[PDB]
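For reference, the chain that follows is the form deposited in one PDB entry, supplied as structure tokens.
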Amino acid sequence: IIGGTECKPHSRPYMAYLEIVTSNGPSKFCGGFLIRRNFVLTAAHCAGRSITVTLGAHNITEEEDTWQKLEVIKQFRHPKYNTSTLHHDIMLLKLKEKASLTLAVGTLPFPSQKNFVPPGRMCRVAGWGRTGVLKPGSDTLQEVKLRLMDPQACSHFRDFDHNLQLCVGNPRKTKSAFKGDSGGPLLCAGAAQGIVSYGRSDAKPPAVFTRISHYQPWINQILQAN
């Protein structure tokens, strides 16, 4: 997160810290959010050979009792996910066991309300991502308030699609989700409307978020068949 502020410890109990393992490379890290005690929603590009989910964390460098390091039994990457266009950058992670509900760990009510369009211009996103282009991932959970933009603002991302994605972050500001924040939820009025997907390597906002409403039927199918 760039230009954000440290979250009040555990104030976002649904946040998930993912450590992704690959065959020929060091582990990578992403965000995500718990929507069912045994299901975490994140970005499809965060897929790997295996993934470990850490719930109840704030400062991920210091283990604590609130932590729940959970095994992922199966990764459900969206069938239409495309690495060249980055469309359908969404994935569901089924946890081997159902997480414990504590003050620090809880599910994000989803679905919620009923809208094909995310109301409100100001939303908020959190993550443990880099806080700058040459800055490393944050040890603590950071959050920032961002402006939902008209699709025109993301025209420069040639594969951006208003039906499938949200344009987030006033270009006049530095505030933005960044590398390491992928998979994190975009909350508007308390409801998850998007998922951090991608943007410019130079961090100039806005960034592209997966539009959740478009995937409601796919999400319900997966949750129903598992």
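Residues that one form lacks are left out of the comparison. C-alpha atoms forming the largest set that superposes within 1.5 Å between two forms make up the rigid core. When you see a residue number, it is the position in the sequence shown, counting from 1.
**Student:** Taking the other compared entries of this protein, do a third or more of them lack coordinates for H87?
**Tutor:** In none of the comparable entries (those modelling both sides of it) is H87 left without coordinates.
**Student:** In at least a third of the other compared PDB entries, does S138 have no coordinates?
**Tutor:** Comparison shows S138 kept in all of the other entries.
**Student:** Quick check on the record: does 203-211 or 17-25 carry the larger mean Cα temperature factor?
**Tutor:** Mean B over CA atoms: larger for 17-25.
**Student:** For the higher mean C-alpha B factor in the entry, choose 117-125 or 78-86.
**Tutor:** Per the deposited B-factors, the answer is 117-125.
**Student:** From the list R36, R158, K173, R49, select the residue with the highest C-alpha B factor recorded in the entry.
**Tutor:** Among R36, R158, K173, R49, the PDB entry lists the largest C-alpha B-factor for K173.
**Student:** Between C154, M91, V133, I73, which one tops the list for C-alpha B-factor in the PDB entry?
**Tutor:** Of the candidates given, the C-alpha B-factor peaks at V133.
**Student:** Would you mind checking where the Cα B-factor of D181 ranks among the modelled residues of its chain, as the lowest, middle or highest third?
**Tutor:** For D181, whose C-alpha B-factor we compare with every modelled residue in the chain, the answer is the lowest third.
**Student:** Would you mind ranking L103 by its C-alpha B-factor against the rest of the chain and naming the third, lowest, middle or highest?
**Tutor:** It belongs to the middle third of the chain when residues are ordered by C-alpha B-factor.
**Student:** Sorting by Cα B-factor within the chain, modelled residues only, which third would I60 end up in: lowest, middle or highest?
**Tutor:** It belongs to the middle third of the chain when residues are ordered by C-alpha B-factor.
**Student:** Lowest, middle or highest third of the chain for the C-alpha temperature factor of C188?
**Tutor:** Top third by C-alpha B-factor.
Not pictured, yet referred to below: the form deposited in another entry.
**Student:** Choose, among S112, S100, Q152, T140, the residue with a C-alpha displacement of 2 Å or more between the shown form and the other one when the rigid core is used for superposition.
**Tutor:** By this measure, the answer is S112.
**Student:** Taking the cut-off of 3 Å or more as given, in which direction does the distance between the C-alpha atoms of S112 and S213 change in that other deposited form, closer or farther?
**Tutor:** Closer, not farther.
**Student:** Closer or farther: how do the Cα atoms of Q113 and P13 compare in that other deposited form relative to this form, given a change of at least 3 Å?
**Tutor:** They are farther apart; the C-alpha distance rises by 3 Å or more in that other deposited form.
**Student:** Considering only residues modelled in both forms, extract each run of at least three consecutive residues whose CA displacement is 2 Å or more throughout between the shown form and the other one after core superposition, in sequence order.
**Tutor:** Segments displaced between the shown form and the other one after core fit: 109-114, 116-120.
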